[PDB]
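The structure follows.
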Amino acid sequence: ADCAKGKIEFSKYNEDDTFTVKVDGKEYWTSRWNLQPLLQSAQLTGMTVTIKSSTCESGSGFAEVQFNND
Amino acid sequence: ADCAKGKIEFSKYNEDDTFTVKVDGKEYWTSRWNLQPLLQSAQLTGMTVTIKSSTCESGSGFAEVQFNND
Amino acid sequence: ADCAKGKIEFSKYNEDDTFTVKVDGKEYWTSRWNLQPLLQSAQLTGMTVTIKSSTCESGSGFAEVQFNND
Amino acid sequence: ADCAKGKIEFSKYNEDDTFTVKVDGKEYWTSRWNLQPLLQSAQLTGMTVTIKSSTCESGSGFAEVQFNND
Amino acid sequence: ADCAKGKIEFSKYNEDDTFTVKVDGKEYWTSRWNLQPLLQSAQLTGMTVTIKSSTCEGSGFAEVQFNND
Amino acid sequence: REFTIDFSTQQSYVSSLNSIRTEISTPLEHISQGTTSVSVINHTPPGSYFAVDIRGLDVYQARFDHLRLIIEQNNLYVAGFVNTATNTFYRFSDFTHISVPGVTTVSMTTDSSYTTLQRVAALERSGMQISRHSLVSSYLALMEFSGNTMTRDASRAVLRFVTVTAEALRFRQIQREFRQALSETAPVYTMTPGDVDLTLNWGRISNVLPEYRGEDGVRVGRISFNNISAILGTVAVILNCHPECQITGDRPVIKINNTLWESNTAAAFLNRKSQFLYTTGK
Amino acid sequence: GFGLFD
């Protein structure tokens, strides 16, 4: 279920208005653009994050994320 | 009577502009995306969120929220 | 013609896309969206705020707000 | 060369949303909206601001506002 | 092959909607404005950031990596 | 001045470390939990540095005890290392201003920057294993090794030695979580990501601490404190403010909702601008 | 007798 969980420390924004996140050695990409402020806030704020998807294939994209204090 | 109040422990994002929050163990989802960024302020600042509602049954669109502290 | 001065410890987003702010024990309402990304910041920073408007009578809306660090 | 290199005090945001900032006793009016949070973040953290112009009297043209980390 | 890497030790902006950073000895500028909160928040906490452009040899940049190290 | 660190036993190492802080740092009344209390480095003249001999690594008998570390007091940064057997001194390239007269100073190409050390080590700062035999091997390599740069083996040597010295003094977790490594079992220490994050944010944590007034909820960058015990055990030494501390932010600490928020942490994500205009369409 | 703190 949960594709991955933990901390975020690396991610790339591409020329095509897409953003990819590095977690657990598995890059999750998405064209969604309204979550970048949330992602940067969580990354710099020490906010644990985890991404869940029905299909979490190798490098599966990220569109269903949730937070965690610890 | 008040039914949902507490510190957010689970916030979930859906591609259909519906964002869900777990307060008092009750899941309430709001479709109006305008409030999606604002909750982030209470998300990290520990501002406990309390939601007004006519009845305590959950799963309904929530837009009447208050932020306080313990 | 300042209507109110001081600090705000809670603010409402009424369901008709109206945002109301509590200052020195009184509520003033508006509908200017640009305030949410900024006024909420004052809520978490002790940022002194004052209100000027044509009519300060109870329940009157607010359009001009001056922010002072003090 | 630098019209005013000092901490920004505040700005007036009238009903027309005119951003009449004033720093170091000099009042300069601008009509941009995306700089509101950038400048409020500088204000709340004590961040200094430098403004340049050929004519540095209040109410004159402006072409360079910046923040100096050093 | 990096256009620039480090911190925003000093930056500049212009009313023509272009923002730039004085890094690696050059005033690397860009005309876009969809990423303004990202780098400004990054420098606010001093967390490291690197930026690439069309080429990393006076142009605009649109791709940024940010790390907390 | 002259000092010595003993790795022979838990009590010896802990006592030496406490001696170092007591003779270096002054306890803080605002944070003063009886005997245990965090301390602030006492102001020192520029260019000063103390000297510590490495001892207790070889507990079986007196041997492998010809290494000294010279470290400034201004910002608690490793300055240089002296081989007493060869009576020679090596200085970090970035520490050229810091020199030790009376010994054969020798320039070292490598600098003291954390990034350079991690790169030469080519290993993430979290996860290294430090053991007595590995420590002895690194010691012997450095003693026999010399020149103008530290090799990859010298890279492990230097990273392991700096890890057990800088954060060990700065933070109370390493000494607490490294004493067992001296035990009979002697478990091999592993550098956890949380300790890494605490080390990286030493400067801002130290800038935040002075205004602490027994608060409970502290929030500075990736670091958060929810209990007094965690605050006590996180950091034991902080930088000096008089005016190097004030570089970014007029005040770094905000006491709101019985919580101490770092100014940078709040201001970073508090910059949302007009963003709904995109969703309005063409 | 260093307790859990040490």
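Given +1 on the Cβ of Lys and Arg, -1 on the Cβ of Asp and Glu, and no further charges, what dipole in debye does chain D carry about its Cα centre, rounded to the nearest 20?
Computed charge dipole of chain D: roughly 120 debye.
Which whole number gives the average count of other chain Cβ atoms within 10 Å of the Cβ atoms across peptide F:7-14?
Per residue, the average neighbour count from other chains is 1.
Rank these for me by crowding, F:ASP197, D:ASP16, A:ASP70, going from fewest to most other beta carbons within 10 Å.
A:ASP70, D:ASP16, F:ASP197
Counting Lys and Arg as +1 and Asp and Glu as -1, what is the net charge of the other residues whose Cβ lies under 14 Å from the Cβ of E:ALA1?
In short, -2.
Could you work out, residue by residue across F:246-259, how many beta carbons of other chains sit within 10 Å of that residue's beta carbon, and then give the average as an integer?
Mean shielding count: 4.
For F:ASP250, what residues show an amide H to amide H distance below 5 Å, using hydrogens built from the backbone and excluding near sequence neighbours?
D:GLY46, D:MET47
For chain A, what does the helix formula give at 222 nm: sum of -39500 (n - 2.57) over DSSP H segments with n ≥ 4, over the residue count, nearest 500 deg cm²/dmol?
Helix contribution divided over all residues of chain A: -3500 deg cm²/dmol.
A further question follows. Count the net charge of all other residues whose Cβ sits under 14 Å from the Cβ of D:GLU57, scoring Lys and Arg as +1 and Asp and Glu as -1.
Taking every Cβ under 14 Å from that of D:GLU57, the sum is +1.
Of A:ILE8, A:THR20, A:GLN36, which is farthest along the charge dipole of chain A in the positive direction, counting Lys and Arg as +1 and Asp and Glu as -1 at C-beta?
Final value for the positive-end residue is A:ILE8.
Provide the gained length on full extension for the span F:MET143 to F:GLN180, in nm with one decimal, where the gain is 0.36 nm per separating residue minus the Cα-Cα distance.
Length gained, F:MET143 through F:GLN180: 10.6 nm.
Can you list residues whose amide H is under 5 Å from A:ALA63's amide H, if they're 5+ apart or on another chain and H is modeled 1.01 Å from N?
Those lying under 5 Å, H to H, from A:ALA63: there are none.
Taking a point 7 angstrom from the Cα of D:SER58 along the C-beta vector, which residues in the stretch D:1-26 have backbone N less than 11 Å away?
Answer for the stretch D:1-26: D:21-26.
With an 8 Å cut-off on Cα pairs and a minimum separation of 6 or more residues, tell me the relative contact order of chain C in percent.
35
Further, regarding this structure: About the Cα centre of the protein assembly as shown, what is the dipole size in debye to 20, counting +1 per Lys and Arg Cβ and -1 per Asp and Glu Cβ, all else neutral?
Approximately 840 debye in magnitude.
Further, regarding this structure: What relative contact order, as a whole-number percentage, does the stretch F:2-170 give when Cα pairs under 8 Å and 6 or more residues apart are counted?
Contact order relative to length: 15 percent.
Sticking with this one: Per DSSP helix of 4 or more residues, -39500 (n - 2.57); summed, then divided by the residues of chain F. What does that give at 222 nm, rounded to the nearest 500?
Only helices count here, giving -9000 deg cm²/dmol.
No Cβ is skipped: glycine too gets one built from the backbone with ideal geometry, and neighbour counts run over all protein chains shown. Values quoted throughout were computed directly from the atomic coordinates according to the rules given, and no laboratory measurement underlies them.
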